[PDB]
There are 2 protein chains.
Amino acid sequence: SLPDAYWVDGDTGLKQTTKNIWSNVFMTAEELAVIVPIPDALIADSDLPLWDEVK
Amino acid sequence: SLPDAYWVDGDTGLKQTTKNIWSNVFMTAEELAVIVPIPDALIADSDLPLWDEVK
């Protein structure tokens with residue numbers, strides 16, 4: 001919020017009051033993940049280096 | 001106001017007379033003001049310099 005101001009009615013006009021306000025804002029971390037399983041025989045027999053190719 | 005001039009009817013016609021006017025304009029000062037009240041407890045408790053924030 002923001003404060004006000006007001007016009008005074010003459011040399012002895014009664015002055016007025018105001019207030020300011022604040023609030024909170026947030027951020028939340030979340031997780032994503034996956035698994036890729038491979039037979040150890042297929043890792044050895046392949047000429048393509050499958051771990052470096054899936055990364 | 002502005003003065004006149006007049007065409008004169010021949011070599012020996014009577015010349016006429018004219019005059020100016022002036023007046024006044026005014027500007028008046030007026031007041032705007034406000035009050036911000038805060039408890040002594042909040043000025044001590046809070047870590048924000050709370051009078052310097054509202055100015």
# chains A, B, ... in the order shown; residues from 1 in each chain; ligands from 1

call {"tool": "calpha_fit_and_write", "arguments": {"fixed": "chain A", "moving": "chain B", "output": "PDB file with N, CA, C and O atoms, in the first residue's frame"}}
result
ATOM      1  N   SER B   1       0.568  -1.176   0.212  1.00  0.00           N
ATOM      2  CA  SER B   1      -0.325  -0.014   0.265  1.00  0.00           C
ATOM      3  C   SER B   1       0.483   1.274   0.257  1.00  0.00           C
ATOM      4  O   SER B   1       1.679   1.263   0.537  1.00  0.00           O
ATOM      5  N   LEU B   2      -0.182   2.388  -0.035  1.00  0.00           N
ATOM      6  CA  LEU B   2       0.411   3.721  -0.109  1.00  0.00           C
ATOM      7  C   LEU B   2      -0.227   4.679   0.917  1.00  0.00           C
ATOM      8  O   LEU B   2      -1.427   4.560   1.180  1.00  0.00           O
ATOM      9  N   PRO B   3       0.521   5.645   1.479  1.00  0.00           N
ATOM     10  CA  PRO B   3      -0.036   6.672   2.345  1.00  0.00           C
ATOM     11  C   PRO B   3      -0.876   7.705   1.576  1.00  0.00           C
ATOM     12  O   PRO B   3      -0.763   7.858   0.363  1.00  0.00           O
ATOM     13  N   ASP B   4      -1.712   8.441   2.299  1.00  0.00           N
ATOM     14  CA  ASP B   4      -2.504   9.572   1.798  1.00  0.00           C
ATOM     15  C   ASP B   4      -1.879  10.939   2.111  1.00  0.00           C
ATOM     16  O   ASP B   4      -0.958  11.060   2.907  1.00  0.00           O
ATOM     17  N   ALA B   5      -2.457  11.992   1.543  1.00  0.00           N
ATOM     18  CA  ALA B   5      -2.386  13.371   2.015  1.00  0.00           C
ATOM     19  C   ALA B   5      -3.805  13.944   2.003  1.00  0.00           C
ATOM     20  O   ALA B   5      -4.660  13.428   1.295  1.00  0.00           O
ATOM     21  N   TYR B   6      -4.071  15.008   2.754  1.00  0.00           N
ATOM     22  CA  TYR B   6      -5.408  15.601   2.842  1.00  0.00           C
ATOM     23  C   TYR B   6      -5.344  17.125   2.830  1.00  0.00           C
ATOM     24  O   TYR B   6      -4.441  17.711   3.421  1.00  0.00           O
ATOM     25  N   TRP B   7      -6.299  17.784   2.180  1.00  0.00           N
ATOM     26  CA  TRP B   7      -6.447  19.241   2.251  1.00  0.00           C
ATOM     27  C   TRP B   7      -6.945  19.639   3.640  1.00  0.00           C
ATOM     28  O   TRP B   7      -7.872  19.014   4.155  1.00  0.00           O
ATOM     29  N   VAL B   8      -6.360  20.671   4.249  1.00  0.00           N
ATOM     30  CA  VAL B   8      -6.746  21.137   5.591  1.00  0.00           C
ATOM     31  C   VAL B   8      -7.605  22.401   5.527  1.00  0.00           C
ATOM     32  O   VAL B   8      -7.313  23.339   4.798  1.00  0.00           O
ATOM     33  N   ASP B   9      -8.725  22.407   6.246  1.00  0.00           N
ATOM     34  CA  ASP B   9      -9.775  23.426   6.151  1.00  0.00           C
ATOM     35  C   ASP B   9      -9.448  24.709   6.943  1.00  0.00           C
ATOM     36  O   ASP B   9     -10.034  24.996   7.989  1.00  0.00           O
ATOM     37  N   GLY B  10      -8.483  25.477   6.450  1.00  0.00           N
ATOM     38  CA  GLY B  10      -8.108  26.792   6.970  1.00  0.00           C
ATOM     39  C   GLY B  10      -6.767  26.837   7.694  1.00  0.00           C
ATOM     40  O   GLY B  10      -5.976  25.901   7.668  1.00  0.00           O
ATOM     41  N   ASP B  11      -6.491  27.964   8.335  1.00  0.00           N
ATOM     42  CA  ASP B  11      -5.198  28.257   8.973  1.00  0.00           C
ATOM     43  C   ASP B  11      -4.910  27.418  10.238  1.00  0.00           C
ATOM     44  O   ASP B  11      -3.764  27.325  10.670  1.00  0.00           O
ATOM     45  N   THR B  12      -5.938  26.805  10.826  1.00  0.00           N
ATOM     46  CA  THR B  12      -5.957  26.160  12.151  1.00  0.00           C
ATOM     47  C   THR B  12      -6.862  24.918  12.197  1.00  0.00           C
ATOM     48  O   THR B  12      -7.305  24.505  13.266  1.00  0.00           O
ATOM     49  N   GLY B  13      -7.138  24.277  11.063  1.00  0.00           N
ATOM     50  CA  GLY B  13      -7.826  22.982  11.033  1.00  0.00           C
ATOM     51  C   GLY B  13      -6.921  21.844  11.513  1.00  0.00           C
ATOM     52  O   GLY B  13      -5.701  21.916  11.359  1.00  0.00           O
ATOM     53  N   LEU B  14      -7.491  20.778  12.081  1.00  0.00           N
ATOM     54  CA  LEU B  14      -6.731  19.595  12.488  1.00  0.00           C
ATOM     55  C   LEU B  14      -6.214  18.810  11.273  1.00  0.00           C
ATOM     56  O   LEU B  14      -6.991  18.407  10.405  1.00  0.00           O
ATOM     57  N   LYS B  15      -4.908  18.544  11.233  1.00  0.00           N
ATOM     58  CA  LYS B  15      -4.247  17.674  10.251  1.00  0.00           C
ATOM     59  C   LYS B  15      -4.597  16.206  10.537  1.00  0.00           C
ATOM     60  O   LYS B  15      -4.696  15.820  11.692  1.00  0.00           O
ATOM     61  N   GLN B  16      -4.800  15.382   9.512  1.00  0.00           N
ATOM     62  CA  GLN B  16      -5.154  13.958   9.647  1.00  0.00           C
ATOM     63  C   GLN B  16      -3.922  13.037   9.681  1.00  0.00           C
ATOM     64  O   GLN B  16      -2.802  13.496   9.484  1.00  0.00           O
ATOM     65  N   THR B  17      -4.113  11.731   9.889  1.00  0.00           N
ATOM     66  CA  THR B  17      -3.040  10.717   9.975  1.00  0.00           C
ATOM     67  C   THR B  17      -3.149   9.593   8.936  1.00  0.00           C
ATOM     68  O   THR B  17      -4.232   9.323   8.422  1.00  0.00           O
ATOM     69  N   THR B  18      -2.036   8.926   8.600  1.00  0.00           N
ATOM     70  CA  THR B  18      -1.978   7.841   7.592  1.00  0.00           C
ATOM     71  C   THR B  18      -0.870   6.802   7.872  1.00  0.00           C
ATOM     72  O   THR B  18      -0.040   7.036   8.742  1.00  0.00           O
ATOM     73  N   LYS B  19      -0.838   5.659   7.161  1.00  0.00           N
ATOM     74  CA  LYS B  19       0.172   4.580   7.314  1.00  0.00           C
ATOM     75  C   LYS B  19       0.404   3.737   6.043  1.00  0.00           C
ATOM     76  O   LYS B  19      -0.443   3.684   5.160  1.00  0.00           O
ATOM     77  N   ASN B  20       1.533   3.025   5.996  1.00  0.00           N
ATOM     78  CA  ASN B  20       1.873   1.964   5.028  1.00  0.00           C
ATOM     79  C   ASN B  20       1.394   0.555   5.444  1.00  0.00           C
ATOM     80  O   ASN B  20       1.073   0.316   6.596  1.00  0.00           O
ATOM     81  N   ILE B  21       1.470  -0.400   4.510  1.00  0.00           N
ATOM     82  CA  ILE B  21       1.405  -1.856   4.721  1.00  0.00           C
ATOM     83  C   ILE B  21       2.483  -2.539   3.857  1.00  0.00           C
ATOM     84  O   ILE B  21       2.769  -2.085   2.749  1.00  0.00           O
ATOM     85  N   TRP B  22       3.010  -3.680   4.300  1.00  0.00           N
ATOM     86  CA  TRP B  22       3.845  -4.597   3.504  1.00  0.00           C
ATOM     87  C   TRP B  22       3.311  -6.034   3.594  1.00  0.00           C
ATOM     88  O   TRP B  22       2.498  -6.353   4.457  1.00  0.00           O
ATOM     89  N   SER B  23       3.766  -6.906   2.700  1.00  0.00           N
ATOM     90  CA  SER B  23       3.454  -8.342   2.696  1.00  0.00           C
ATOM     91  C   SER B  23       4.641  -9.164   2.173  1.00  0.00           C
ATOM     92  O   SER B  23       5.741  -8.634   2.068  1.00  0.00           O
ATOM     93  N   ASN B  24       4.447 -10.445   1.858  1.00  0.00           N
ATOM     94  CA  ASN B  24       5.471 -11.378   1.390  1.00  0.00           C
ATOM     95  C   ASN B  24       5.068 -12.103   0.097  1.00  0.00           C
ATOM     96  O   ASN B  24       3.894 -12.368  -0.137  1.00  0.00           O
ATOM     97  N   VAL B  25       6.059 -12.485  -0.706  1.00  0.00           N
ATOM     98  CA  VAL B  25       5.924 -13.432  -1.834  1.00  0.00           C
ATOM     99  C   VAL B  25       6.947 -14.562  -1.733  1.00  0.00           C
ATOM    100  O   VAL B  25       8.025 -14.394  -1.166  1.00  0.00           O
ATOM    101  N   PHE B  26       6.594 -15.719  -2.288  1.00  0.00           N
ATOM    102  CA  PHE B  26       7.303 -16.985  -2.125  1.00  0.00           C
ATOM    103  C   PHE B  26       7.644 -17.657  -3.454  1.00  0.00           C
ATOM    104  O   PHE B  26       6.872 -17.599  -4.405  1.00  0.00           O
ATOM    105  N   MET B  27       8.771 -18.362  -3.489  1.00  0.00           N
ATOM    106  CA  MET B  27       9.155 -19.290  -4.553  1.00  0.00           C
ATOM    107  C   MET B  27       9.550 -20.632  -3.935  1.00  0.00           C
ATOM    108  O   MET B  27      10.323 -20.646  -2.984  1.00  0.00           O
ATOM    109  N   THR B  28       9.046 -21.741  -4.474  1.00  0.00           N
ATOM    110  CA  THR B  28       9.272 -23.104  -3.959  1.00  0.00           C
ATOM    111  C   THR B  28      10.020 -23.979  -4.966  1.00  0.00           C
ATOM    112  O   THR B  28       9.607 -24.068  -6.118  1.00  0.00           O
ATOM    113  N   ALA B  29      11.094 -24.654  -4.558  1.00  0.00           N
ATOM    114  CA  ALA B  29      11.776 -25.659  -5.369  1.00  0.00           C
ATOM    115  C   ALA B  29      10.986 -26.965  -5.485  1.00  0.00           C
ATOM    116  O   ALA B  29      10.478 -27.486  -4.500  1.00  0.00           O
ATOM    117  N   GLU B  30      10.967 -27.557  -6.668  1.00  0.00           N
ATOM    118  CA  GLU B  30      10.386 -28.859  -6.970  1.00  0.00           C
ATOM    119  C   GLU B  30      11.397 -29.723  -7.725  1.00  0.00           C
ATOM    120  O   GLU B  30      12.385 -29.210  -8.241  1.00  0.00           O
ATOM    121  N   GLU B  31      11.198 -31.038  -7.757  1.00  0.00           N
ATOM    122  CA  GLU B  31      12.148 -31.993  -8.331  1.00  0.00           C
ATOM    123  C   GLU B  31      11.611 -32.692  -9.579  1.00  0.00           C
ATOM    124  O   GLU B  31      10.499 -33.209  -9.559  1.00  0.00           O
ATOM    125  N   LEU B  32      12.417 -32.795 -10.633  1.00  0.00           N
ATOM    126  CA  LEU B  32      12.166 -33.721 -11.733  1.00  0.00           C
ATOM    127  C   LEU B  32      13.370 -34.617 -11.998  1.00  0.00           C
ATOM    128  O   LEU B  32      14.520 -34.201 -11.884  1.00  0.00           O
ATOM    129  N   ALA B  33      13.073 -35.878 -12.284  1.00  0.00           N
ATOM    130  CA  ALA B  33      14.032 -36.966 -12.281  1.00  0.00           C
ATOM    131  C   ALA B  33      13.567 -38.145 -13.129  1.00  0.00           C
ATOM    132  O   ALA B  33      12.370 -38.351 -13.316  1.00  0.00           O
ATOM    133  N   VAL B  34      14.505 -38.971 -13.584  1.00  0.00           N
ATOM    134  CA  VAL B  34      14.204 -40.219 -14.302  1.00  0.00           C
ATOM    135  C   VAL B  34      15.318 -41.251 -14.127  1.00  0.00           C
ATOM    136  O   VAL B  34      16.452 -40.914 -13.790  1.00  0.00           O
ATOM    137  N   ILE B  35      14.991 -42.521 -14.350  1.00  0.00           N
ATOM    138  CA  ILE B  35      15.901 -43.667 -14.295  1.00  0.00           C
ATOM    139  C   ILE B  35      15.998 -44.352 -15.669  1.00  0.00           C
ATOM    140  O   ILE B  35      14.988 -44.629 -16.306  1.00  0.00           O
ATOM    141  N   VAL B  36      17.197 -44.690 -16.144  1.00  0.00           N
ATOM    142  CA  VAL B  36      17.413 -45.432 -17.403  1.00  0.00           C
ATOM    143  C   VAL B  36      18.102 -46.771 -17.108  1.00  0.00           C
ATOM    144  O   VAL B  36      19.302 -46.776 -16.853  1.00  0.00           O
ATOM    145  N   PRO B  37      17.396 -47.915 -17.099  1.00  0.00           N
ATOM    146  CA  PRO B  37      17.990 -49.226 -16.854  1.00  0.00           C
ATOM    147  C   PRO B  37      18.531 -49.907 -18.125  1.00  0.00           C
ATOM    148  O   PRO B  37      17.844 -49.951 -19.140  1.00  0.00           O
ATOM    149  N   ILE B  38      19.740 -50.481 -18.082  1.00  0.00           N
ATOM    150  CA  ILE B  38      20.379 -51.188 -19.211  1.00  0.00           C
ATOM    151  C   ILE B  38      21.084 -52.483 -18.740  1.00  0.00           C
ATOM    152  O   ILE B  38      21.868 -52.428 -17.796  1.00  0.00           O
ATOM    153  N   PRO B  39      20.856 -53.650 -19.376  1.00  0.00           N
ATOM    154  CA  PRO B  39      21.544 -54.903 -19.070  1.00  0.00           C
ATOM    155  C   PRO B  39      23.058 -54.843 -19.254  1.00  0.00           C
ATOM    156  O   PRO B  39      23.546 -54.295 -20.232  1.00  0.00           O
ATOM    157  N   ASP B  40      23.810 -55.490 -18.371  1.00  0.00           N
ATOM    158  CA  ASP B  40      25.276 -55.574 -18.418  1.00  0.00           C
ATOM    159  C   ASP B  40      25.797 -56.141 -19.741  1.00  0.00           C
ATOM    160  O   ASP B  40      26.852 -55.736 -20.219  1.00  0.00           O
ATOM    161  N   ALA B  41      25.048 -57.064 -20.343  1.00  0.00           N
ATOM    162  CA  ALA B  41      25.341 -57.661 -21.636  1.00  0.00           C
ATOM    163  C   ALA B  41      25.405 -56.624 -22.773  1.00  0.00           C
ATOM    164  O   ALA B  41      26.366 -56.626 -23.531  1.00  0.00           O
ATOM    165  N   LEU B  42      24.447 -55.690 -22.880  1.00  0.00           N
ATOM    166  CA  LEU B  42      24.431 -54.668 -23.939  1.00  0.00           C
ATOM    167  C   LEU B  42      25.563 -53.648 -23.804  1.00  0.00           C
ATOM    168  O   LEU B  42      26.065 -53.159 -24.812  1.00  0.00           O
ATOM    169  N   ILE B  43      25.970 -53.314 -22.583  1.00  0.00           N
ATOM    170  CA  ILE B  43      27.079 -52.391 -22.330  1.00  0.00           C
ATOM    171  C   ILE B  43      28.397 -52.997 -22.806  1.00  0.00           C
ATOM    172  O   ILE B  43      29.238 -52.280 -23.335  1.00  0.00           O
ATOM    173  N   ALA B  44      28.580 -54.308 -22.664  1.00  0.00           N
ATOM    174  CA  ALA B  44      29.740 -55.015 -23.189  1.00  0.00           C
ATOM    175  C   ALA B  44      29.657 -55.248 -24.710  1.00  0.00           C
ATOM    176  O   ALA B  44      30.613 -54.971 -25.425  1.00  0.00           O
ATOM    177  N   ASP B  45      28.521 -55.730 -25.212  1.00  0.00           N
ATOM    178  CA  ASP B  45      28.333 -56.118 -26.612  1.00  0.00           C
ATOM    179  C   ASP B  45      28.445 -54.953 -27.596  1.00  0.00           C
ATOM    180  O   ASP B  45      29.039 -55.115 -28.653  1.00  0.00           O
ATOM    181  N   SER B  46      27.832 -53.808 -27.311  1.00  0.00           N
ATOM    182  CA  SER B  46      27.706 -52.721 -28.287  1.00  0.00           C
ATOM    183  C   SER B  46      28.976 -51.859 -28.400  1.00  0.00           C
ATOM    184  O   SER B  46      29.690 -51.640 -27.425  1.00  0.00           O
ATOM    185  N   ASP B  47      29.267 -51.352 -29.603  1.00  0.00           N
ATOM    186  CA  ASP B  47      30.446 -50.513 -29.900  1.00  0.00           C
ATOM    187  C   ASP B  47      30.229 -49.010 -29.645  1.00  0.00           C
ATOM    188  O   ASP B  47      31.176 -48.224 -29.619  1.00  0.00           O
ATOM    189  N   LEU B  48      28.978 -48.594 -29.465  1.00  0.00           N
ATOM    190  CA  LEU B  48      28.584 -47.249 -29.066  1.00  0.00           C
ATOM    191  C   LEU B  48      28.724 -47.069 -27.535  1.00  0.00           C
ATOM    192  O   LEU B  48      28.265 -47.945 -26.805  1.00  0.00           O
ATOM    193  N   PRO B  49      29.310 -45.982 -26.997  1.00  0.00           N
ATOM    194  CA  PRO B  49      29.488 -45.778 -25.552  1.00  0.00           C
ATOM    195  C   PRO B  49      28.172 -45.403 -24.850  1.00  0.00           C
ATOM    196  O   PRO B  49      27.877 -44.249 -24.571  1.00  0.00           O
ATOM    197  N   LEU B  50      27.337 -46.400 -24.587  1.00  0.00           N
ATOM    198  CA  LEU B  50      25.891 -46.246 -24.448  1.00  0.00           C
ATOM    199  C   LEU B  50      25.400 -45.357 -23.287  1.00  0.00           C
ATOM    200  O   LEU B  50      24.342 -44.745 -23.410  1.00  0.00           O
ATOM    201  N   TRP B  51      26.153 -45.211 -22.193  1.00  0.00           N
ATOM    202  CA  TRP B  51      25.823 -44.228 -21.148  1.00  0.00           C
ATOM    203  C   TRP B  51      26.089 -42.785 -21.580  1.00  0.00           C
ATOM    204  O   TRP B  51      25.295 -41.901 -21.284  1.00  0.00           O
ATOM    205  N   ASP B  52      27.164 -42.521 -22.317  1.00  0.00           N
ATOM    206  CA  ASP B  52      27.487 -41.170 -22.777  1.00  0.00           C
ATOM    207  C   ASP B  52      26.527 -40.681 -23.862  1.00  0.00           C
ATOM    208  O   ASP B  52      26.314 -39.483 -23.998  1.00  0.00           O
ATOM    209  N   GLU B  53      25.899 -41.581 -24.613  1.00  0.00           N
ATOM    210  CA  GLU B  53      24.892 -41.204 -25.601  1.00  0.00           C
ATOM    211  C   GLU B  53      23.594 -40.703 -24.980  1.00  0.00           C
ATOM    212  O   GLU B  53      22.992 -39.783 -25.516  1.00  0.00           O
ATOM    213  N   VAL B  54      23.134 -41.290 -23.875  1.00  0.00           N
ATOM    214  CA  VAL B  54      21.847 -40.910 -23.286  1.00  0.00           C
ATOM    215  C   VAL B  54      21.933 -39.612 -22.476  1.00  0.00           C
ATOM    216  O   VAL B  54      20.972 -38.858 -22.433  1.00  0.00           O
ATOM    217  N   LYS B  55      23.086 -39.264 -21.902  1.00  0.00           N
ATOM    218  CA  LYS B  55      23.238 -38.058 -21.070  1.00  0.00           C
ATOM    219  C   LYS B  55      22.834 -36.735 -21.750  1.00  0.00           C
ATOM    220  O   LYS B  55      21.969 -36.058 -21.198  1.00  0.00           O
TER     221      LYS B  55
END

call {"tool": "select_by_dssp", "arguments": {"residues": "chain A", "states": "alpha helix (DSSP H)", "output": "PyMOL selection string"}}
result
chain A and resi 40-45+50-54

call {"tool": "write_last_selection", "arguments": {"atoms": "N, CA, C and O atoms", "output": "PDB file, in the first residue's frame"}}
result
ATOM      1  N   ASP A  40      24.262 -55.362 -18.609  1.00  0.00           N
ATOM      2  CA  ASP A  40      25.705 -55.152 -18.617  1.00  0.00           C
ATOM      3  C   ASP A  40      26.384 -55.813 -19.832  1.00  0.00           C
ATOM      4  O   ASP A  40      27.365 -55.308 -20.366  1.00  0.00           O
ATOM      5  N   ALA A  41      25.813 -56.911 -20.334  1.00  0.00           N
ATOM      6  CA  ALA A  41      26.226 -57.553 -21.581  1.00  0.00           C
ATOM      7  C   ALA A  41      26.043 -56.631 -22.802  1.00  0.00           C
ATOM      8  O   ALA A  41      26.952 -56.458 -23.609  1.00  0.00           O
ATOM      9  N   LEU A  42      24.887 -55.969 -22.905  1.00  0.00           N
ATOM     10  CA  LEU A  42      24.557 -55.032 -23.980  1.00  0.00           C
ATOM     11  C   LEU A  42      25.449 -53.784 -23.934  1.00  0.00           C
ATOM     12  O   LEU A  42      25.873 -53.298 -24.973  1.00  0.00           O
ATOM     13  N   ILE A  43      25.830 -53.311 -22.747  1.00  0.00           N
ATOM     14  CA  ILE A  43      26.821 -52.233 -22.605  1.00  0.00           C
ATOM     15  C   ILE A  43      28.176 -52.644 -23.188  1.00  0.00           C
ATOM     16  O   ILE A  43      28.864 -51.811 -23.763  1.00  0.00           O
ATOM     17  N   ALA A  44      28.578 -53.907 -23.052  1.00  0.00           N
ATOM     18  CA  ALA A  44      29.869 -54.399 -23.538  1.00  0.00           C
ATOM     19  C   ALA A  44      29.874 -54.706 -25.047  1.00  0.00           C
ATOM     20  O   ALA A  44      30.830 -54.376 -25.747  1.00  0.00           O
ATOM     21  N   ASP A  45      28.811 -55.324 -25.558  1.00  0.00           N
ATOM     22  CA  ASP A  45      28.695 -55.727 -26.964  1.00  0.00           C
ATOM     23  C   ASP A  45      28.458 -54.559 -27.935  1.00  0.00           C
ATOM     24  O   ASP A  45      28.828 -54.638 -29.106  1.00  0.00           O
ATOM     25  N   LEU A  50      26.661 -46.189 -24.828  1.00  0.00           N
ATOM     26  CA  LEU A  50      25.288 -45.806 -24.484  1.00  0.00           C
ATOM     27  C   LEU A  50      25.104 -44.834 -23.305  1.00  0.00           C
ATOM     28  O   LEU A  50      24.171 -44.035 -23.359  1.00  0.00           O
ATOM     29  N   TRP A  51      25.944 -44.830 -22.263  1.00  0.00           N
ATOM     30  CA  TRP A  51      25.794 -43.844 -21.180  1.00  0.00           C
ATOM     31  C   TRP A  51      26.040 -42.418 -21.657  1.00  0.00           C
ATOM     32  O   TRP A  51      25.232 -41.532 -21.419  1.00  0.00           O
ATOM     33  N   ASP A  52      27.114 -42.186 -22.395  1.00  0.00           N
ATOM     34  CA  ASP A  52      27.425 -40.870 -22.945  1.00  0.00           C
ATOM     35  C   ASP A  52      26.436 -40.433 -24.027  1.00  0.00           C
ATOM     36  O   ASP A  52      26.242 -39.246 -24.240  1.00  0.00           O
ATOM     37  N   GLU A  53      25.785 -41.374 -24.706  1.00  0.00           N
ATOM     38  CA  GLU A  53      24.750 -41.055 -25.679  1.00  0.00           C
ATOM     39  C   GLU A  53      23.395 -40.728 -25.041  1.00  0.00           C
ATOM     40  O   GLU A  53      22.665 -39.912 -25.593  1.00  0.00           O
ATOM     41  N   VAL A  54      23.033 -41.306 -23.891  1.00  0.00           N
ATOM     42  CA  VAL A  54      21.750 -40.990 -23.235  1.00  0.00           C
ATOM     43  C   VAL A  54      21.808 -39.693 -22.420  1.00  0.00           C
ATOM     44  O   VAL A  54      20.801 -39.003 -22.301  1.00  0.00           O
TER      45      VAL A  54
END

call {"tool": "decode", "arguments": {"residues": "stretch 30-43 of chain B", "atoms": "N, CA, C and O atoms", "output": "PDB file, in the first residue's frame"}}
result
ATOM      1  N   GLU B  30      -1.981  27.552  -0.073  1.00  0.00           N
ATOM      2  CA  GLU B  30      -2.791  26.622   0.705  1.00  0.00           C
ATOM      3  C   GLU B  30      -1.910  25.513   1.281  1.00  0.00           C
ATOM      4  O   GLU B  30      -0.781  25.327   0.836  1.00  0.00           O
ATOM      5  N   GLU B  31      -2.383  24.801   2.299  1.00  0.00           N
ATOM      6  CA  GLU B  31      -1.602  23.798   3.028  1.00  0.00           C
ATOM      7  C   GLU B  31      -2.129  22.377   2.836  1.00  0.00           C
ATOM      8  O   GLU B  31      -3.321  22.140   3.001  1.00  0.00           O
ATOM      9  N   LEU B  32      -1.247  21.413   2.582  1.00  0.00           N
ATOM     10  CA  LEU B  32      -1.563  19.995   2.724  1.00  0.00           C
ATOM     11  C   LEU B  32      -0.559  19.285   3.623  1.00  0.00           C
ATOM     12  O   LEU B  32       0.632  19.582   3.619  1.00  0.00           O
ATOM     13  N   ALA B  33      -1.086  18.386   4.445  1.00  0.00           N
ATOM     14  CA  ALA B  33      -0.393  17.806   5.578  1.00  0.00           C
ATOM     15  C   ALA B  33      -1.000  16.474   6.004  1.00  0.00           C
ATOM     16  O   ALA B  33      -2.182  16.224   5.786  1.00  0.00           O
ATOM     17  N   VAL B  34      -0.216  15.641   6.684  1.00  0.00           N
ATOM     18  CA  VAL B  34      -0.694  14.381   7.273  1.00  0.00           C
ATOM     19  C   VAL B  34       0.142  13.975   8.487  1.00  0.00           C
ATOM     20  O   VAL B  34       1.275  14.422   8.658  1.00  0.00           O
ATOM     21  N   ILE B  35      -0.424  13.126   9.340  1.00  0.00           N
ATOM     22  CA  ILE B  35       0.204  12.561  10.536  1.00  0.00           C
ATOM     23  C   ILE B  35       0.310  11.030  10.425  1.00  0.00           C
ATOM     24  O   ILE B  35      -0.655  10.357  10.081  1.00  0.00           O
ATOM     25  N   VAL B  36       1.454  10.432  10.756  1.00  0.00           N
ATOM     26  CA  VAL B  36       1.650   8.968  10.779  1.00  0.00           C
ATOM     27  C   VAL B  36       1.993   8.509  12.203  1.00  0.00           C
ATOM     28  O   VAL B  36       3.126   8.707  12.631  1.00  0.00           O
ATOM     29  N   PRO B  37       1.060   7.929  12.977  1.00  0.00           N
ATOM     30  CA  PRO B  37       1.324   7.445  14.330  1.00  0.00           C
ATOM     31  C   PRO B  37       1.849   5.998  14.376  1.00  0.00           C
ATOM     32  O   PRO B  37       1.292   5.120  13.726  1.00  0.00           O
ATOM     33  N   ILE B  38       2.892   5.717  15.167  1.00  0.00           N
ATOM     34  CA  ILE B  38       3.489   4.376  15.333  1.00  0.00           C
ATOM     35  C   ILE B  38       3.838   4.091  16.813  1.00  0.00           C
ATOM     36  O   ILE B  38       4.501   4.913  17.440  1.00  0.00           O
ATOM     37  N   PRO B  39       3.439   2.942  17.395  1.00  0.00           N
ATOM     38  CA  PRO B  39       3.799   2.539  18.754  1.00  0.00           C
ATOM     39  C   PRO B  39       5.301   2.391  18.981  1.00  0.00           C
ATOM     40  O   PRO B  39       6.007   1.836  18.151  1.00  0.00           O
ATOM     41  N   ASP B  40       5.788   2.795  20.149  1.00  0.00           N
ATOM     42  CA  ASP B  40       7.195   2.690  20.554  1.00  0.00           C
ATOM     43  C   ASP B  40       7.732   1.259  20.476  1.00  0.00           C
ATOM     44  O   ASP B  40       8.898   1.048  20.156  1.00  0.00           O
ATOM     45  N   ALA B  41       6.876   0.275  20.746  1.00  0.00           N
ATOM     46  CA  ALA B  41       7.182  -1.144  20.651  1.00  0.00           C
ATOM     47  C   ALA B  41       7.600  -1.573  19.232  1.00  0.00           C
ATOM     48  O   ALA B  41       8.619  -2.234  19.083  1.00  0.00           O
ATOM     49  N   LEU B  42       6.886  -1.162  18.173  1.00  0.00           N
ATOM     50  CA  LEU B  42       7.215  -1.531  16.786  1.00  0.00           C
ATOM     51  C   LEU B  42       8.517  -0.899  16.291  1.00  0.00           C
ATOM     52  O   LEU B  42       9.227  -1.510  15.498  1.00  0.00           O
ATOM     53  N   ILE B  43       8.841   0.311  16.738  1.00  0.00           N
ATOM     54  CA  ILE B  43      10.087   0.992  16.377  1.00  0.00           C
ATOM     55  C   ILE B  43      11.289   0.251  16.958  1.00  0.00           C
ATOM     56  O   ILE B  43      12.321   0.164  16.303  1.00  0.00           O
TER      57      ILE B  43
END
